[PDB]
Amino acid sequence: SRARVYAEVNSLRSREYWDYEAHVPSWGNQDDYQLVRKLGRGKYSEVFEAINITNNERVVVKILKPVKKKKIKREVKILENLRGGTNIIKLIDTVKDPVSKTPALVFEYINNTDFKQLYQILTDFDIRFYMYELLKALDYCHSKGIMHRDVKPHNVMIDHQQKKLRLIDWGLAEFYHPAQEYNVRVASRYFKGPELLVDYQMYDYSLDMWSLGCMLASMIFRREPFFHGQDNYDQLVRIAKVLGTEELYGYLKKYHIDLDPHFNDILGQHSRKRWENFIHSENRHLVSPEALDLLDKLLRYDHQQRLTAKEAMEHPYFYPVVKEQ
Ligand SMILES: OCCCn1nnc2c(Br)c(Br)c(Br)c(Br)c21
Ligand SMILES: [Cl-]
């Protein structure tokens, strides 16, 4: 299996570009920054609102928890490669604790409004507008030979007042190389593509497009998350109940994918559902023929038949956004 697009991007560039293990970051001093407030925390980091003491600017400091330095080099190099990218969070600095040498990444501040509150009040145009902005970031990183691999609402910062969007947390991102087998333990359960859920390691940029399709569905239909699995097994069941079981098996046959025998107990028999089935009185104003056509071309089992970010950007759904400029 080969990506349709940007497939040989990294092989045509200097080894230096993608060989992140040989990257040597310049680590500044964290003394330049004053921590103000904890914003969040995960497995790999804790994130703080901070002030740059010299220019008085508000920033975000991500303090990295004990992981192998390889993964830190990967994230830092990916961010350097994506610098100036449209709607990619800007890395301002890479600094270390002056006593423990704990590394930290410093990012631009975005006045984010959490998706739970935001997604309930988005208009049809808002959804089109923000999906377009997010697609700009995905086309950009894919064009730079990079898969994000953790596209989800929590990783998309939206300033709804200034209409700014940033794709954040590149800690799971990886360089795409044709025929390389990747770890399927990436992305968050609700946004994992079928390829991950059936342990298919030869995936590519199209993984991110499945995740974006999941977001689009949650926004236009107001079921968030759209596919709400209780575990990784049930996640695929939720998907197959909509996309259909025979279509799943057709996908597995095409790529010679072996299905975990535990799926025999739980997968059942389900016909493909019409997307119009998810329309009701509270989401009618967000759904259009154009929106359903785009969604149908994103949420496909066949990772090679999903729209690329660029093809999705060119879809009629986004015409009102392009006209407004
Ligand atoms: O790149 C790692 C992302 C971690 N992360 N978590 N919460 C964040 C908020 Br709120 C803002 Br605002 C920004 Br800016 C970032 Br960054 C945040
Ligand atoms: Cl990997």
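Round to the nearest 10 and give me the degree value, 0 to 90, for the angle of helix 232-243's Cα axis relative to the longest principal axis of the chain.
50 degrees
Show me, bin by bin at 10 Å from 0, the whole-percent P(r) of the chain based on Cα pairs.
Bin by bin from 0 Å, the calculated values are 5, 25, 33, 25, 10, 2, 0.
Using the alpha-carbon atoms, what tilt in degrees (0 to 90, nearest 10) does helix 206-221 show relative to the longest principal axis of the chain?
Helix 206-221 sits at roughly 70 degrees to that axis.
Within straight cross-link reach of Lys96, meaning Cα distance under 18 Å, which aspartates and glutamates are found once same-chain residues fewer than 8 apart are removed?
Within reach: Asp31, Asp32, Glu46, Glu49, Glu75, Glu80, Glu108.
Which entries in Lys62/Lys297; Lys38/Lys297; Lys90/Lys192; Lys38/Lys73; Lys164/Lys273; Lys73/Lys241 show an alpha-carbon gap greater than 30 Å?
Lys62/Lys297; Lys38/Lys297; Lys164/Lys273; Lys73/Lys241, as the Cα separations exceed 30 Å there.
Between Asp296 and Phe125, what's the calculated FRET efficiency when r is the beta-carbon distance and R0 is 30 Å? Round to 0.05.
Computed FRET efficiency for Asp296 and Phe125: 0.90.
If you wrap a convex hull around the alpha carbons of the stretch 185-270, what volume per residue comes out, as a whole number of Å³?
94 Å³
Could you go through the stretch 98-108 in sequence order and give the Karplus-derived ³J(HN,Hα) for each residue, using 6.51 cos²θ - 1.76 cosθ + 1.60 with θ = phi - 60°, rounded to whole Hz, and x for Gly and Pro?
Per-residue couplings from phi come out as x, 10, 9, 6, 5, x, 9, 10, 10, 10, 4 Hz.
Regarding the stretch 244-325, what are the three Cα extents along the principal axes, ordered largest first, in Å?
For the stretch 244-325, the Cα extents along the three principal axes come out at 51, 32, 15 Å.
Please give the helix 124-143 orientation as an angle from the longest Cα principal axis of the chain, in degrees from 0 to 90, rounded to the nearest 10.
70 degrees
Restricting attention to the stretch 178-216, which trypsin sites (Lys or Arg not before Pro) occupy a DSSP loop and are surrounded by at most 14 other Cβ atoms within 10 Å?
Passing sites in the stretch 178-216 are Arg185.
Order of 48-58, 89-99 by packing, highest average Cβ count within 10 Å first?
Ranking the peptides 48-58, 89-99 by packing returns 89-99, 48-58.
In terms of the ratio Rg/(2.2 N^0.38 Å) built on C-alpha atoms, what value belongs to the stretch 123-250?
1.06
In whole Å, what is the distance between the alpha-carbon centres of the stretch 1-71 and the stretch 281-325?
Centre-to-centre distance over Cα atoms comes out at 31 Å.
Rank by packing, highest mean first: peptides 292-300, 204-212, with packing defined as the count of other Cβ atoms within 10 Å averaged across residues.
Sorting 292-300, 204-212 by mean packing, highest first, produces 204-212, 292-300.
Could you bin all the Cα-Cα distances of the stretch 6-120 into 5 Å bins starting at 0 and give me the percent of pairs in each, rounded to whole numbers?
2, 10, 18, 22, 19, 13, 9, 5, 2, 0
Rank-order 161-174, 244-257 by packing density, defined as the average count of other C-beta atoms within 10 Å over each peptide's residues, highest first.
Top of the packing list down: 161-174, 244-257.
Using 0.36 nm per residue, how much length does the chain from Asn111 to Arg41 gain when fully extended, once their Cα-Cα distance is taken away?
Extending this stretch completely gives an extra 23.5 nm.
Between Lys65 and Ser14, what is the spin-label point distance in nm, taking each point 7 Å from the Cα along the Cα→C-beta axis?
3.5 nm
Please compute the volume of the convex hull spanned by the alpha-carbon atoms of the stretch 32-87 and report it per residue in Å³.
Roughly 114 Å³ of hull volume per residue.
As a convention, Cβ positions derive from the backbone with ideal geometry for all residues, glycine included, and neighbour counts pool all protein chains shown. Read-outs throughout are calculated quantities, based only on the coordinates presented, and are distinct from any laboratory measurement.
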